[PDB]
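Participant: Right, I'll just put the structure down here and ask away after.
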Amino acid sequence: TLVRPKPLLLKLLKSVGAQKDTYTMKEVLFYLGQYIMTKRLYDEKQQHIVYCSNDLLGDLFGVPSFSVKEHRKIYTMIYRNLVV
């Protein structure tokens, strides 16, 4: 199953090496992980915590922070950034 990122999510994924217009959810997740890691958006002392205020990721997700453990919340935030 392929999903289609909306334009600003697509820009975000391409910034960390993604190539296509449509993606498996696995690939979306890999590039979001790459983005958080490369920009060092996580809390060095509590590494599950992502601080995304002041970054495009937070603008798109609609939150200033979250934990990678919050799966339901993460997939809901991703769903907001996919074309219907």
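Labels for the structure tokens follow display order: chains A, B, ..., residues from 1 in each chain, ligands from 1.
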Excluding residue 46 of chain A and residues on its chain fewer than 3 positions from it, collect all residues at most 12 Å away from it, counting only C-alpha atoms, and give them as a ChimeraX atom specification.
Facilitator: /A:41-43,49-51,66-69
Participant: Excluding segment 5-12 of chain A and residues on its chain fewer than 4 positions from it, collect all residues at most 9 Å away from it, counting only C-alpha atoms, and give them as a PyMOL selection string.
Facilitator: chain A and resi 16+18+20-23+28+31-32+35+56-57+60+78+80-83
Participant: Report, in Å with one decimal, the straight-line distance from atom CA of residue 1 of chain A to atom CA of residue 30 of chain A.
Facilitator: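 Computing it gives 15.7 Å between the two atoms.
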Participant: Choose the residue, out of A:63, A:84, A:2, A:74, that has the smallest atom-to-atom separation from residue 33 of chain A; count only C-alpha atoms.
Facilitator: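 Among the listed residues, A:74 lies closest to residue 33 of chain A.
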Participant: In Å to one decimal, how far is atom CA of residue 79 of chain A from atom CA of residue 17 of chain A?
Facilitator: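 Value for the atom CA of residue 17 of chain A-atom CA of residue 79 of chain A distance: 21.1 Å.
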